[PDB]
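Q: Model the structure of this input:
(chains A, B, C, D and E, ligands or ions: 13)
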Amino acid sequence: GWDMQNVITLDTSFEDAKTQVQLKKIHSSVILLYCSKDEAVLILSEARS
Amino acid sequence: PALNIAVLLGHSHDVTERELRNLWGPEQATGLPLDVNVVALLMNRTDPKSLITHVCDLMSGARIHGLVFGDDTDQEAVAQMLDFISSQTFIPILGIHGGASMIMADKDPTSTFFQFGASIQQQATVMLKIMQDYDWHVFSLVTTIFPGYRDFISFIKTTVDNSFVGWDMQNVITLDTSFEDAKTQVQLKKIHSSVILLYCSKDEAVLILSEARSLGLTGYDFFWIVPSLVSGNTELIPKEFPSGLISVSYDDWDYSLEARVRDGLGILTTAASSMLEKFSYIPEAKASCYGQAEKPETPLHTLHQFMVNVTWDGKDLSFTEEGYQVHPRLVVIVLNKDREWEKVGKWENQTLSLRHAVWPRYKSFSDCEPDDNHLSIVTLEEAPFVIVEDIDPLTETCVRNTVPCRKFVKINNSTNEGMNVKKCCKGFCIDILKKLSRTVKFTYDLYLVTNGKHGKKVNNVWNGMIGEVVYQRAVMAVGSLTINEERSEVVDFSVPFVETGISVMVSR
Amino acid sequence: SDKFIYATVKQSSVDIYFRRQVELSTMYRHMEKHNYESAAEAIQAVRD
Amino acid sequence: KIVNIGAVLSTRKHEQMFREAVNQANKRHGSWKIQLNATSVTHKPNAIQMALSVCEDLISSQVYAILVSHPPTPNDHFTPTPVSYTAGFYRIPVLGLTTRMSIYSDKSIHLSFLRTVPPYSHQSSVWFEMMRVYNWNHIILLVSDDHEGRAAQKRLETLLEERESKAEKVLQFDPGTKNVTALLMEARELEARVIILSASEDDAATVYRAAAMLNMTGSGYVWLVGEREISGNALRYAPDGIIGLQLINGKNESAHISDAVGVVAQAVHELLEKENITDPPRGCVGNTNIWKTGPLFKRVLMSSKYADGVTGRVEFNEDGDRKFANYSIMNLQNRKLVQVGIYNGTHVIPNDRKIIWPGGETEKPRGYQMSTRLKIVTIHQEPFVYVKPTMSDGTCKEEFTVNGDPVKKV
Amino acid sequence: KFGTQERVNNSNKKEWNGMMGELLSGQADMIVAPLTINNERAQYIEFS
Ligand SMILES: *[C@@H]1O[C@H](CO)[C@@H](O[C@@H]2O[C@H](CO)[C@@H](O)[C@H](O)[C@H]2NC(C)=O)[C@H](O)[C@H]1NC(C)=O
Ligand SMILES: *[C@@H]1O[C@H](CO)[C@@H](O[C@@H]2O[C@H](CO)[C@@H](O)[C@H](O)[C@H]2NC(C)=O)[C@H](O)[C@H]1NC(C)=O
Ligand SMILES: *[C@@H]1O[C@H](CO)[C@@H](O[C@@H]2O[C@H](CO)[C@@H](O)[C@H](O)[C@H]2NC(C)=O)[C@H](O)[C@H]1NC(C)=O
Ligand SMILES: *[C@@H]1O[C@H](CO)[C@@H](O)[C@H](O)[C@H]1NC(C)=O
Ligand SMILES: *[C@@H]1O[C@H](CO)[C@@H](O)[C@H](O)[C@H]1NC(C)=O
Ligand SMILES: *[C@@H]1O[C@H](CO)[C@@H](O)[C@H](O)[C@H]1NC(C)=O
Ligand SMILES: *[C@@H]1O[C@H](CO)[C@@H](O)[C@H](O)[C@H]1NC(C)=O
Ligand SMILES: *[C@@H]1O[C@H](CO)[C@@H](O)[C@H](O)[C@H]1NC(C)=O
Ligand SMILES: *[C@@H]1O[C@H](CO)[C@@H](O)[C@H](O)[C@H]1NC(C)=O
Ligand SMILES: *[C@@H]1O[C@H](CO)[C@@H](O)[C@H](O)[C@H]1NC(C)=O
Ligand SMILES: *[C@@H]1O[C@H](CO)[C@@H](O)[C@H](O)[C@H]1NC(C)=O
Ligand SMILES: *[C@@H]1O[C@H](CO)[C@@H](O)[C@H](O)[C@H]1NC(C)=O
Ligand SMILES: *[C@@H]1O[C@H](CO)[C@@H](O)[C@H](O)[C@H]1NC(C)=O
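A: Residues are numbered from 1 along each chain as shown, chains lettered A, B, ... in the order given. Ligands and ions are numbered 1, 2, ... in the order given. For reference, the structure is listed below:
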């Protein structure tokens, strides 16, 4: 009974108008991330913000 | 008795002194016990020394018992100065246009200076009325340390706490400083899809809206409602203002300057007449501004308590204790797709009349994502499935388990046009539609069909809900719509969610 | 209907309960026009 | 190169010492780059005359800031209002030396106005600290209905909202009311015994006199007041044991002149290191446009921290008022004010003096006194609350149940 | 009246009437009566 809410792909930059309305769509308590370490740093900083 | 009223204006307007004098020539017994000797004057520019000298010369020479000041520039300081002058001369001054019309917060208790404007409280009331009329109950509140922000926030909180409407005020954000540096992005990033009441200055609203666009806060579903403070001069419009930026302001389109001067003269004349009926006579003006007269100088009778009960020819131009108009001429304007402030609604005798019954979607910018999750849905009233009722008398908004729906009701059979009245629709099909909106994640603009009745092909033309759907006037037809061979040929039906054949009912 | 008339005490807990309920709203609109000032008066009206 | 600074001052010797302070600041900073000229004007009895004089003398001299202070005459009915308006037309910053009214904190009215003394509303902050020190949670406000009382009330409630607590009652009376016994009688029936007053000297005297007759100044009551309520006529009728505040240098003209001149000189020097700086307007008549860098100059002034001031560390908050001022808490013991502690910038620190609370007792009175006479409300419900008319003697007939026990009636 | 939050005709202000208003306005310190416990009343006063 998995509940896979949404698939988010951050094709653009991690600070523009996109990847903000996309990242705000996360209402679940578990986030499965996939990226490089360098992109992970930026994505996690944005998520913390 | 003779009442001398002075009218000070600027060269920016084309009105002449002869026209100002002729404005008080209606000759239908405007003043029953008194006549008004209007004296006009035009000033090149407004500044402390020359303004004071002009007013003092008017009081000394013309012995004016009042004043009607109309400024051309946008100097908010002038109003304050006028108030000061009034407190030093007891001359009832009226702020008509320009800087003198910008509502000042706390006037001197001993000063008789009234303004033709709307305070921040009235603008906030109109904004909340817009939000209630368009069912934007959930909203945020972004303010800055601009003066008067505390009063705006306090009034918004008080009105929210003392209303039967939902008013889910999500959060209050106060950008102290460094909008782009830090400590402000964190606050602005927690604002979700909602209405954002913004209170700041125009040169600062530009920065705030630029940052909001950079944070993706200016989509189709974000409605920025702002007071007249940031809209300011309608002629100049920054490129950072999103289209659909709802604002409220004192109307400078319909309320002409001549009408303003006529209304001010009428207010002063009616107050003087009421004083004549109640008190003995018109108090003579002060001797002079200068000289340092040794006296308390407080007049035995003044017009302060007689401007609260004023009724001109047709309008009720009464003032409040603080000096605000009880019935201001407020207008709700939006920034349409042409990047020009287009008047939408008006605020008359404590009622907000809006042109657009349903809010039109405005493309905020050229690169905005297209509107695809918003659908237009037709519906026809059927007794068990779609029940259409009026708005709740208590909360003045659509009740629980019910959704807004605009019915195009004609004024009468005489006219060939009508108005869209926002009624409340419920029932089986409406519950199905609500569940579909929740599951498929789409928003809808429900509206009753007025062309036909359930659909029929007359002259190879479909009417009713089927006609609306086939002619692309709607995305879907939620209602008591029966699946048919011809209808399925014309439109695409979903799965039948209730079995409805044809059956015969007889009296037992 | 207009034949079976029923109500309760105006400005009381049951009035709030019927106002809050979502299904019974219709019959709430039936009671708002007949609500009595006090329970004793309503009981007397039921009695006669 | 020469930079003008204007000062509307009470007396000629004050203008002379202002010139001396300007010369000292010029020597300290260095007059090689910019020389600070100093023009001064004595106050005028007529407000219109003063608003004309600031245009003819200060504005026509192309000043950068105006330092305004109260006149020597004890009347203080918003004296800097002309200047703060006229120099507010061009957004020229105005420094208030000894004007503690709370109207000037409204930046929507006085567009360009700073001051080195906090307004009378910030005294409420001190009161809050006392509530944190002596653990008083139930209070009664007696603010006046004018702008000052409303501002003090708003500031105190804003402070209390952080504590998630509210004042028991906020009684408002119109300024200059001869009879105020109604509000005091309303206050007496409450539970809170911490009475906080914010009113002018005459209104404070009236409240003190009307509370003396009601025996509300006795033991168990504690009065917290400001500086106006323990100065002048209000001190003549002040109840003993009242606790009031006194600004350390609120009435000192020379220290405020010196520190204001120092901070404005530092701000001028800092401003003239920026680009596209615009000269101030010259003369009111014929110049209807605001000073372009006026708002920038005010923003510089509000963000400047004077290091060594005669009155202390000069710092302006967002409202342009003085921040972190020293309040000398005073208690009226034996018809004489004695300092029972001092409120520094953030905290109250007491001293060796013993506080004599109203009534003469030395132990700290409790915040309130719990009432054991509850006002009960009931509604006529037949099974629960039977209600019957009384007989002619004031009671109603005693009955008995089936068991013979008497029914208890009230 | 037992008590119900009603809109006063001026300024559209919520106000409690009856026992609820009497208790919240300080005129009474306790309500010993058949006062039903519900969510609407419990937000402003507290029941035993
Ligand atoms: C500041 O410079 C101005 C000249 O730019 C001086 O203003 C005049 O000074 C004389 C002598 O003090 C006065 O008699 C005049 O009345 C002033 N002119 C005006 C405005 O009427 C001013 O004195 C200089 N400040 C000082 C005292 O050094
Ligand atoms: C001040 O006002 C109060 C309240 O009105 C007065 O107190 C009572 O007022 C009623 C009338 O409302 C009188 O009938 C009573 O005799 C008053 N009782 C007293 C003496 O407290 C109070 O008298 C007024 N005081 C003055 C001097 O004006
Ligand atoms: C004076 O104001 C200061 C803040 O400016 C108060 O804060 C104290 O500052 C001293 C500086 O050495 C610290 O050691 C204390 O720890 C601070 N207060 C406490 C108790 O935390 C100070 O309380 C005020 N009065 C004093 C005692 O100077
Ligand atoms: C307005 O400008 C005109 C033309 O310069 C001048 O003659 C007139 O004196 C000015 N107004 C006044 C009365 O100051
Ligand atoms: C004053 O206000 C009253 C309110 O009823 C109104 O009836 C009356 O006409 C007003 N006074 C005038 C305009 O005579
Ligand atoms: C404005 O609307 C109110 C409410 O219907 C009404 O009482 C009032 O008379 C109206 N005023 C006018 C003259 O439009
Ligand atoms: C008036 O009503 C009739 C139907 O009785 C309709 O046919 C006619 O079009 C109406 N008038 C208009 C809208 O012109
Ligand atoms: C107009 O409205 C009136 C309201 O009574 C109605 O009786 C009439 O039939 C309508 N038609 C006309 C004459 O426009
Ligand atoms: C104190 O004052 C009150 C005012 O009503 C009075 O009733 C009481 O008797 C007085 N008590 C003393 C100390 O006599
Ligand atoms: C004012 O302050 C100065 C400097 O601290 C001091 O020399 C002077 O005595 C003070 N005057 C009064 C009366 O406070
Ligand atoms: C100062 O003004 C000049 C124009 O004279 C402008 O080019 C420059 O950018 C300004 N300095 C600032 C605000 O960066
Ligand atoms: C306040 O009081 C202290 C006592 O030592 C004094 O030294 C200091 O200058 C004052 N500071 C402020 C905040 O004015
Ligand atoms: C309006 O409210 C006041 C105060 O509750 C009340 O006295 C008055 O009767 C009300 N008027 C009507 C009929 O709504």
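
Q: Look up how far residue D:69 lies from the closest residue to residue D:9 other than its chain neighbours.
A: Excluding the flanking residues, the one nearest residue D:9 by C-beta to C-beta, 6 or more residues apart in numbering or on different chains is residue D:15, at 4.9 Å. All C-beta spots, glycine's among them, are computed from the backbone N, C-alpha and C. Distance of residue D:15 to residue D:69, given as C-beta to C-beta, to the nearest Å: 10 Å.

Q: what touches both of these two?
A: Common contact partners of residue D:15 and residue D:69 (C-beta atoms under 8 Å, 6 or more residues apart in numbering or on different chains): residue D:9.

Q: surely the residue nearest to residue D:9 meets residue D:42?
A: Yes. Counting by C-beta atoms under 8 Å, residue D:42 is a contact partner of residue D:15 at 7.1 Å.

Q: Mind checking which of these two has more residues around it?
A: Ranked by neighbour count (other C-beta atoms under 10 Å in any protein chain shown), residue D:15 and residue D:42 place residue D:15 first, with 19 against 15.

Q: so which strand or helix has that one?
A: Taking DSSP states H and E as the definition, residue D:15 sits inside helix D:12-29.

Q: Next secondary structure after that helix?
A: strand D:36-42.

Q: now for that next one, which elements pack on it?
A: Strand D:36-42 sits against strand D:3-9, helix D:12-29, with contacts defined as 3 or more C-beta pairs under 8 Å, 6 or more residues apart in numbering or on different chains; DSSP states H and E.

Q: on that earlier part again, residues shared between the contacts of residue D:15 and residue D:42?
A: Common neighbours of residue D:15 and residue D:42 (criterion: C-beta under 8 Å, 6+ apart): residue D:9.

Q: Show me what the helix holding residue D:15 is packed against.
A: Contacts defined by 3+ C-beta pairs under 8 Å, 6+ apart place helix D:12-29 against strand D:3-9, strand D:36-42, helix D:253-271.

Q: ok, residue 22 - contacts?
A: Chain wasn't specified; assuming chain A. A:8, A:10.

Q: you looked at the wrong chain, it should be chain E
A: Residue E:22 neighbours (C-beta under 8 Å, 6+ apart): D:377, E:28, E:31.

Q: To what extent is the residue nearest to the second one when sequence neighbours are not counted buried, counted in neighbours?
A: This points to residue E:28. Of all residues not flanking residue E:28 in the chain, residue D:377 sits nearest, at 3.6 Å (C-beta to C-beta, 6+ apart). Counted with other C-beta under 10 Å, the neighbours of residue D:377 add up to 19.

Q: go on, residue D:240?
A: Applying other C-beta under 10 Å, we find 17 residues neighbouring residue D:240.

Q: Could I get the contacting residues of the residue lying closest to it once chain neighbours are set aside?
A: Take residue D:240 and drop its neighbours on the chain: the residue closest to it by C-beta to C-beta, 6+ apart is residue D:332, 5.6 Å away. Contacts for residue D:332 were tallied using C-beta under 8 Å, 6+ apart; they are D:230, D:235, D:238, D:239, D:240, D:241, D:242, D:244.

Q: Span of stretch D:176-184 from start to end?
A: Stretch D:176-184 has an end-to-end distance of 15 Å (criterion: C-alpha to C-alpha, to the nearest Å).

Q: and it with ligand 2, contact?
A: Yes. Stretch D:176-184 reaches ligand 2 (C-beta under 6 Å from any ligand atom) through D:179, D:181, D:182.

Q: Of these, which is the most crowded?
A: Highest neighbour count within the residues of stretch D:176-184 next to ligand 2: residue D:181, with 14 neighbours (other C-beta under 10 Å).

Q: Pull the contacting residues for it.
A: D:210, D:213, D:214.

Q: what's the spacing between it and residue B:405?
A: Taking C-beta to C-beta as the measure, residue D:181 falls 60 Å from residue B:405.

Q: Check residue D:263 too.
A: 64 Å.

Q: and residue 9, how many neighbours does it have?
A: Chain wasn't specified; assuming chain A. Using other C-beta under 10 Å, residue A:9 is surrounded by 8 other residues.

Q: Chain E is the one I meant
A: Count around residue E:9 with other C-beta under 10 Å applied: 7.

Q: and the gap between it and ligand 8?
A: Here the criterion is C-beta to the nearest ligand atom, to the nearest Å. By it, residue E:9 lies 30 Å from ligand 8.

Q: Tell me which residue lies nearest the centroid of chain E.
A: residue E:20 (2.2 Å; C-alpha atoms, centre = their mean).

Q: For that one, which non-adjacent residue is spatially closest?
A: Residue E:20 sits nearest to residue E:3 (C-beta to C-beta, 6+ apart), 2.8 Å away.

Q: pretty sure the one you found is touching residue E:28, no?
A: No. Checked against C-beta under 8 Å, the pair residue E:3 and residue E:28 is beyond contact range at 11.2 Å.

Q: Of these two, which one has the most company?
A: residue E:3 (27 against 18).

Q: Can you get me a residue count around residue 14?
A: All of this is about chain A. Neighbours around residue A:14, by other C-beta under 10 Å: 17.

Q: hmm, I had chain D in mind actually
A: 19.

Q: dump the residue contacts of it.
A: Here residue D:14 is in contact with D:69, D:253, D:254, D:257 (C-beta under 8 Å, 6+ apart).

Q: Could you rerun that using 10 Å?
A: Residues counted as contacts of residue D:14 (C-beta atoms under 10 Å, 6 or more residues apart in numbering or on different chains) are D:7, D:40, D:42, D:69, D:72, D:97, D:253, D:254, D:257.

Q: just residue D:1 next, same as before
A: Residue D:1 makes contacts with D:31, D:32, D:33, D:34, D:35, D:272, as judged by C-beta under 10 Å, 6+ apart.

Q: Regarding it, which helix or strand does it belong to?
A: Using DSSP H and E, residue D:1 sits within no helix or strand.

Q: Could you do residue D:73 as well?
A: Residue D:73 belongs to no helix or strand when assigned by DSSP H and E.

Q: cool, residue D:182 as well?
A: For residue D:182, the host element (DSSP H and E) is helix D:181-188.

Q: Strands of chain D, start to end?
A: D:3-9, D:36-42, D:63-68, D:94-96, D:114-115, D:139-143, D:169-170, D:194-198, D:222-224, D:243-244, D:327-332, D:337-343, D:348-349, D:376-377 (DSSP state E).

Q: Let me have the ones you listed in TSV, extended by distance to residue B:200.
A: Compiled in TSV, the strands of chain D are given as follows (distance: least, C-beta to C-beta, whole Å):
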stretch	distance to residue B:200
strand D:3-9	32
strand D:36-42	36
strand D:63-68	27
strand D:94-96	24
strand D:114-115	22
strand D:139-143	30
strand D:169-170	31
strand D:194-198	32
strand D:222-224	37
strand D:243-244	40
strand D:327-332	34
strand D:337-343	35
strand D:348-349	37
strand D:376-377	48
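
Q: wouldn't residue D:6 be in contact with residue D:58 here?
A: Yes. With contact defined as C-beta atoms under 10 Å, residue D:6 and residue D:58 form a contacting pair (3.7 Å).

Q: Now render the strands of chain D as CSV, adding distance to ligand 2.
A: Output for the strands of chain D, formatted as CSV (distance: least, C-beta to the nearest ligand atom, whole Å):
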stretch, distance to ligand 2
strand D:3-9, 43
strand D:36-42, 44
strand D:63-68, 40
strand D:94-96, 38
strand D:114-115, 38
strand D:139-143, 16
strand D:169-170, 17
strand D:194-198, 18
strand D:222-224, 21
strand D:243-244, 26
strand D:327-332, 26
strand D:337-343, 29
strand D:348-349, 37
strand D:376-377, 25
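
Q: Mind checking these for the one nearest to ligand 12?
A: Ligand 12 lies closest, by C-beta to the nearest ligand atom, to one member of the strands of chain D: strand D:337-343, at 6.4 Å.

Q: In that closest one, which residues are buried?
A: D:337, D:340, D:341, D:342, D:343 (16 or more other C-beta atoms under 10 Å in any protein chain shown).

Q: ok, now stretch D:41-48?
A: Using 16+ other C-beta under 10 Å as the test for burial, stretch D:41-48 gives D:41, D:43, D:44, D:46, D:47, D:48.
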